[PDB]
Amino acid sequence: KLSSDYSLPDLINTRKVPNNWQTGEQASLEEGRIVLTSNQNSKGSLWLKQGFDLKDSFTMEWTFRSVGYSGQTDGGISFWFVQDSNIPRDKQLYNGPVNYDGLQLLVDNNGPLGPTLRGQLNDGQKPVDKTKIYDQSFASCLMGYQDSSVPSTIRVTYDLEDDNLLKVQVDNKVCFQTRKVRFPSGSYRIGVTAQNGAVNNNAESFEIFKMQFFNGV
């Protein structure tokens, strides 16, 4: 049930960035992956050009890794499913929109529990208090992500016909789920952003190996 216009092919043997996606800031396609960060204090975006018209259920699988640094930082990678009439112009929150309307999934390790993958909601009306990110997650889970030889796959499933289940999974292992989130039908934006910040002069490099978008669950 895979959808091509909203997915990212095998980047191995892709030499030019696929035409249905746009990169930004220091994001380039190196070697079978889109490297979002790689120089000290870098940032990178990678978003779909066309907007997804959400009416029914969906499954969204991201595949990523981090390399080149072990230790605490204010860096992080975040995945977005946010309502907007184009690629979000705001970059103030992990190289992404601080004033979003939908879902942010943040992988970082600067919070009270160390490495996590967390859930974050806003409605577009007022931007989020970044100093409150960790107090304001609707759901989270412990998640070693730093360096781990193999990439992790985050699987986001939204099951409209089951009292709207938002279930996130890391490597087929349940990270969290809820029914407190019901996306109103609209045109949504899909992308990932990152930054490694400045702490301890780190060069944490975030890589995107693939992303798959299915209609339905």
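Start at 1 and count along the sequence shown; that's the residue number.
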>> Test of understanding: from the entry's C-alpha B-factors, which stretch has the higher mean, 157-165 or 44-52?
In response: 157-165
> Got a sec? Mean C-alpha B-factor, which is higher, 170-178 or 186-194?
Replying inline: 170-178
> What third of its chain, lowest, middle or highest, does the C-alpha temperature factor of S57 fall into?
Replying inline: highest
>> Test of reading the entry: by CA B factor among the chain's modelled residues, which third contains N109?
In response: lowest
> Should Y134 be placed in the lowest, middle or highest third of its chain by the C-alpha B factor in the entry?
Replying inline: middle
> Among the modelled residues of its chain, does the C-alpha B-factor of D10 lie in the lowest, middle or highest third?
Replying inline: highest
> Which third, lowest, middle or highest, does the CA B-factor of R118 fall in along this chain?
Replying inline: lowest
